[PDB]
Structures are given as structure tokens and as C-alpha cells.
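Remarks on the structure that follows.
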Amino acid sequence: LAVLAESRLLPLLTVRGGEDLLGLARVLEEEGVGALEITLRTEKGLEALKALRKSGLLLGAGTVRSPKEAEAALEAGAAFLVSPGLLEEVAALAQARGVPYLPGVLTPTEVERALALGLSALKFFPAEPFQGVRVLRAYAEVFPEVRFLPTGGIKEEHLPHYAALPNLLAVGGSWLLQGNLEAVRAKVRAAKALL
Amino acid sequence: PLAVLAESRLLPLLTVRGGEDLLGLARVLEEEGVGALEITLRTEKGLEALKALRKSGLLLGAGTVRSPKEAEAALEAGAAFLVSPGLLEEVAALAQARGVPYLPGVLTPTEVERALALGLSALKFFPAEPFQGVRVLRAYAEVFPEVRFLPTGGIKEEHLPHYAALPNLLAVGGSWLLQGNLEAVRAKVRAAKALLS
Amino acid sequence: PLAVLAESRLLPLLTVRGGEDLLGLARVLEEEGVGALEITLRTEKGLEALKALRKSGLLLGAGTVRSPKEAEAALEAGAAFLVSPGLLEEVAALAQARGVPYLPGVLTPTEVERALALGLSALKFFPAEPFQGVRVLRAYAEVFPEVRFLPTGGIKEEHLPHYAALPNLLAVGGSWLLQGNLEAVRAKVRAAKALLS
């Protein structure tokens with residue numbers, strides 16, 4: 001997870017075709033972002049993981065819905081797994097394969113269930129609709145051993161507020177990847193400044 | 001089985017207190033192209049209302065279902081589908097055994113996944129307005145595109161425009177529709193359909 | 001079991017850092033008609049504070065309980081009731097074995113239903129303010145009328161008027177009450193009672 005902690009940002013890419021994936025990889029690396037989450041919303045996601053396999057990025061597969069799908073993502077090139085909510089059988093697969101699994105959670109009951117599965121780096125999703133900054137501030141006090149990766153509706157306007165949180169692994173989202181490579185550079189730098 | 005809900009786009013929620021004109025309401029709803037009505041089991045007047053409405057022509061839902069035994073009581077009183085505030089696995093078992101739709105309430109992605117694991121893909125989102133329904137459901141449209149949601153809880157006319165843009169709605173539910181007399185109900189239903197277009 | 005909480009209407013939450021005048025605080029709370037106090041277990045100081053307050057006349061709660069073993073340590077230090085951030089079924093087992101109240105935190109209707117299935121009907125609602133506490137609890141008053149809630153998390157004076165009107169509150173909990181010296185504590189408690197009335 002050191003790469004994520006170092007990077008502080010986890011860009012989220014839904015692949016629709018035409019993306020300059022290797023150009024993206026180079027830019028992200030140049031800007032000190034060493035990880036990328038590829039969503040599995042389409043079959044294009046797996047192909048993109050394969051295309052990026054050798055790019056130098058720590059690749060995450062997102063929207064994982066099952067252990068079979070998790071395994072397919074790992075075989076395509078993913079180095080870590082992310083799901084919208086907690087899936088105990090995906091936790092089993094990840095532990096079997098020796099890879100990190102960041103399940104989405106929201107509530108304290110869910111945080112406890114993830115911990116009981118040995119998981120202490122957790123996605124908080126969807127962050128903005130569920131008042132992420134204020135929730136995560138609460139969680140910093142009662143779950144101080146947990147690090148969170150809020151994702152969902154995050155935009156520049158919200159970043160200053162997340163910056164003050166002691167319990168963040170990274171901030172995730174698609175906002176970083178809107179526009180051309182020039183725009184990605186600017187958004188990545190702006191985000192690091194705001195954080 | 002929920003083609004009626006989907007064409008209706010609206011699911012009025014009635015908590016029965018005594019003195020309601022149930023058959024007049026059913027007539028009005030049908031006239032206005034709303035073919036379903038959820039009757040809450042917040043008290044025992046709810047079961048009597050289902051019975052009274054058995055053969056009105058509406059698809060009747062029973063809400064606030066809290067147990068399999070209460071669900072079975074609702075089916076025997078004339079409910080065609082079951083709704084609970086949160087996810088009740090044993091109610092899902094009863095509904096599946098009886099071949100009726102069950103729309104459990106969920107809020108979080110983990111709860112959506114658990115419902116899917118029980119073979120349920122038409123889910124209530126409850127309570128919708130306090131938990132930022134439009135923005136949450138917008139997020140779920142992307143990550144759970146196989147799921148259709150029925151948000152309910154604090155919905156009012158002011159909120160309907162924002163729900164209109166959602167690709168993943170089965171219907172919008174709530175009691176706001178049924179405030180006032182029958183003329184008011186006609187207006188509120190027509191306004192809601194307009195705001196949801 | 002929780003008549004004290006109910007009569008108090010307030011549950012002050014103390015995270016102990018060293019230096020606090022615990023026995024003075026206990027005296028003030030009692031004088032002001034607040035008969036309970038929750039001590040968080042965010043560090044080892046918490047257990048020490050429970051021991052220090054053991055015979056102060058307060059109904060002592062242990063907060064931030066994370067396991068059955070920690071729960072048991074809290075009871076042995078003098079806690080009379082147990083509170084956790086979320087629902088821990090094995091803590092419920094320990095509490096029922098020891099004959100003490102356990103107030104688990106819940107947020108969603110599914111979580112309420114799971115706590116009810118464990119025989120638990122006085123529940124914490126946490127974290128209350130970030131999750132739209134007043135409006136969520138208003139919905140729960142209708143669909144879960146047998147449940148009493150203890151909202152905690154980010155509550156401040158400004159929010160109290162809106163909680164006052166809820167029919168399903170066991171008490172309102174939080175640390176805002178304990179910011180300042182003992183005269184400030186007196187003023188905040190009196191203010192909170194007036195705003196909840």
C-alpha cells in the first residue's frame with residue numbers, strides 16, 4: 001500500500017475506448033502518482049489492465065463483484081482489488097493470492113466486519129453523498145487503526161477538507177482523468193497542492 | 001412482475017388511520033395511470049385495508065414488513081408484493097417460496113451486494129431523502145447497473161426533478177401523493193408525472 | 001435498566017486525557033440531574049477513569065468497546081453498560097451473559113433489524129450528525145416505533161432543538177457538554193436541557 005500512501009491520489013479510470021493508456025501511465029508516473037484504478041464496468045477494463053501490465057503502475061481493479069471476477073482481474077494484471085461494498089469471498093480470494101483488497105464500507109458496523117476479516121485499509125464509498133469528510137473525522141477517533149480511501153463524487157472543491165484528516169490512505173476519483181494529458185498534469189498537481 | 005410499478009413510475013404509500021375513502025382512491029389512482037399502492041403495516045388497520053382493496057384492480061404492496069409471519073399475513077390479506085425497511089433474509093425466503101416480489105430496503109453498497117446474493121435486483125432505497133438519495137443512486141447507476149431502485153422516505157415535489165434524470169429507477173415512492181382529498185391526489189399525481197418527465 | 005439515561009435525557013461523553021477533575025465532574029453532573037456518563041476507551045486512561053469513578057453515584061458507560069474481552073475489562077473496572085460504534089454480536093452475547101445493557105451503534109434499517117434480532121431495542125445512532133440524525137430518526141420513529149435511539153456524533157447546541165421533538169429518543173449523547181471547566185459544564189447541561197424541552 002506504500003505506493004498509494006506515497007501517491008496520496010488514486011485516479012479512477014473507466015475505459016470507453018480511444019484512451020492513450022501508456023501516455024497516461026507515463027504522465028502519472030512523472031507527476032508522482034504510482035497507482036491507477038481501472039474500473040470493471042465493461043469488458044474494456046480487463047483489456048486495459050492487460051495493456052498497462054508492464055507500464056510501471058500499481059494497477060487496481062475496481063467494481064469487483066465476485067471472486068471469479070477478482071481472479072480474472074488479477075490474471076489481466078491487477079495488483080490490488082477494490083469492491084463497492086464488503087465481499088467476504090473476495091477477501092478470501094485476495095488473501096489466498098497474497099494481494100491487497102480494499103473493500104468499500106460506509107457504516108461503523110461495516111468497518112468492524114472488515115476488520116474481523118483482517119482488513120484495515122478500506123475504501124469509503126460513495127464518499128461525497130455520505131458526507132465523507134465529517135464521517136471520516138469521526139472514524140479517526142474511534143477506528144484509529146484504520147486507513148481509508150474515500151472515493152465517490154470527489155472534486156477539487158472538496159480536497160482542502162480531506163487534507164486535514166489523519167486517517168487517509170489516499171483520495172480516489174475520476175475527476176483527475178477528465179481531459180487531455182495536459183489537463184491530467186494540471187489536475188494532479190492542483191490536487192496535491194490542495195491536499 | 002413489477003411491470004405495473006415501472007409503467008406507473010410512482011408508488012404512493014398509505015398509512016391507514018381510519019375513514020379513508022379506499023375504493024375512491026383506487027379508482028382515482030387507476031384513472032391517473034398509477035396501478036399500484038403500498039399499504040403500510042404500521043398498525044392493524046393496514047391488514048384490513050388490504051382486504052378492503054383486494055379486488056380493486058390495484059397491485060397492492062405491504063410495507064413495513066418486519067417478519068416472515070407478518071409477510072404471510074399480508075399475502076393472505078391480499079398483498080401482491082412485500083416491502084421491508086431493511087433487508088430481511090427470511091422474508092426473502094418466504095417471498096421466493098410464495099412466488100411474490102420482495103423489495104427490501106437497502107442503503108449501502110454492502111447491503112446492495114447482500115440483496116443481489118439473495119437474487120434480489122429491484123430494491124427499495126430507504127430512507128431516501130435523509131441519505132442523499134439522488135446523489136447516492138447516481139453513483140449506484142454506474143457501479144450496480146443491473147439493479148433498479150425504488151427510493152422512498154421524505155420524497156416531496158421539490159425533489160422529483162432530480163430523480164427524473166436517473167437511469168436506474170423502478171419508481172419513486174412516498175406518502176406526499178396521498179395528502180388531502182381525492183381532487184388533491186389527482187393533482188399531486190399529475191404534477192409528479194410531469195416533474196418526473 | 002436505562003431509566004437513569006431516560007430521566008437524564010443527556011449522556012455526556014468523556015475521552016480522558018489526564019488532569020480531569022473526575023470526581024468534581026461527577027458531583028456537578030449529579031447536581032444538574034444527569035445521572036450517567038460514558039467514558040470512551042480510546043486509550044488505557046479510560047479504564048483508569050472508570051475505576052476512579054466506580055463509586056461516584058454515576059451510572060457509568062464504557063464507550064468505543066471493540067471486543068468481548070475489552071467489554072469484560074470495562075465491566076471489571078466499573079462500567080454498568082456498554083456502547084460500541086457498530087453492532088458486535090459477540091459483545092451482545094457478553095452483555096446478556098453478564099446481565100448488563102449493551103447499546104450498539106447502528107445507522108441503517110438493516111442494522112436496526114439485526115440489532116432487534118439480538119433482542120436489542122435501545123440503540124446508539126452513530127455518527128449522528130454526519131448521517132442526518134434528526135431526519136433519519138424521524139423516519140425510524142414511524143417504521144421502528146418499538147426502538148429508542150441514543151444519537152451520538154457531532155451533536156452541538158445548534159442541533160438540539162430539532163432532536164427535542166423526536167418521540168423515540170432515549171437520550172442525546174456527546175462531548176460538547178464537557179468542553180470547559182466545571183462552571184461551563186453546568187451551563188452547557190442546563191442549556192441542553194432547556195433546548196431539549
Side-chain angles (χ1 to χ4, degrees), chain A residues 4-12 31-33 35 37 62 82 84 102 104-108 110-111 120-178 183-184 186-195, chain B residues 107-109 129-136 138-139 142 162, chain C residues 15 42 85 107 126-136 151-159 174-176 179:
Chain A
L4 281 171
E6 155 64 5
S7 299
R8 282 271 272 179
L9 296 178
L10 182 58
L12 187 54
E31 302 294 329
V33 171
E37 178 175 341
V82 173
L102 293 81
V105 300
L106 282 170
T107 74
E110 293 167 350
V111 174
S120 63
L122 307 179
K123 278 257 188 158
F124 181 79
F125 172 85
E128 280 303 302
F130 283 102
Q131 296 277 359
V133 168
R134 294 157 65 188
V135 177
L136 299 177
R137 189 158 32 245
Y139 293 177
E141 321 154 48
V142 303
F143 297 119
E145 80 279 15
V146 182
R147 295 173 311 175
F148 287 95
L149 211 170
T151 307
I154 301 175
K155 310 195 289 200
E156 261 193 337
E157 61 165 308
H158 309 295
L159 303 175
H161 290 331
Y162 284 99
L165 292 171
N167 58 342
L168 299 194
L169 180 59
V171 174
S174 60
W175 89 98
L176 297 159
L177 301 180
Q178 306 309 107
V184 172
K187 283 163 193 170
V188 169
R189 299 179 180 161
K192 291 193 176 203
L194 292 169
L195 291 165
Chain B
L107 283 173
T108 69
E129 279 308 300
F131 285 97
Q132 299 259 62
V134 179
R135 295 166 65 199
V136 177
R138 178 146 48 247
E142 305 153 38
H162 289 138
Chain C
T15 297
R42 290 172 203 181
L107 283 168
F126 168 90
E129 280 303 305
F131 283 100
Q132 294 289 339
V134 168
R135 291 165 65 201
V136 178
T152 302
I155 297 182
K156 303 178 293 164
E157 257 172 38
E158 65 171 88
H159 306 302
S175 61
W176 90 99
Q179 304 313 111

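Atoms considered below: every heavy atom in the structure, side chains included; atoms not considered: hydrogens, waters and symmetry mates. Residue numbers start from 1 in every chain, and the chains themselves are labelled A, B, ... in the order their sequence lines are given, proteins ahead of strands.
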Got A/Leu169 and A/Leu102 here, is their nearest side-chain heavy-atom distance under 4.5 Å? yes

Considering all heavy atoms of both residues, which atom of A/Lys187 and which atom of A/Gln178 are nearest to each other, and what is their separation? NZ-O, 2.8 Å

Under the 3.5 angstrom rule, does the side chain of C/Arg42 hit a backbone N or O of C/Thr15 as a donor-acceptor pair? no

Nearest non-hydrogen partners of C/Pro85 and A/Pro108, listed with the distance: O-CB, 3.2 Å

Can you find a heavy atom in the side chain of A/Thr151 that is under 4.5 Å from one in the side chain of A/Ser174? no

Is the closest side-chain heavy-atom distance between A/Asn167 and A/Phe143 below 4.5 Å? no

Looking only at atom types and distance, does a side-chain atom of A/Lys192 sit under 3.5 Å from a main-chain N or O of A/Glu31, one as donor and one as acceptor? yes

When every non-hydrogen atom of A/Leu10 is compared with those of A/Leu149, the smallest separation belongs to CD2-CD1, 3.8 Å

May I ask you to test the A/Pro129-B/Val134 pair for a side-chain heavy-atom distance under 4.5 Å? no

Taking the side chain as every heavy atom from C-beta outward, state whether A/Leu159 and A/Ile154 have any pair of such atoms under 4.5 Å apart. yes

Is the backbone of A/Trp175 close enough, under 3.5 Å, to the side chain of A/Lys155 for a donor and an acceptor to pair up by distance? no

Sub-4.5 Å side-chain heavy-atom contact between C/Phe126 and C/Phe131: no

Just so I know, are the side chains of A/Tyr162 and A/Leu168 near enough to count as touching, which here means a heavy-atom distance under 4.5 Å? yes

Check the angle between the aromatic planes of A/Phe148 and A/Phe124 and answer parallel, tilted or perpendicular using the 30° and 60° thresholds. perpendicular

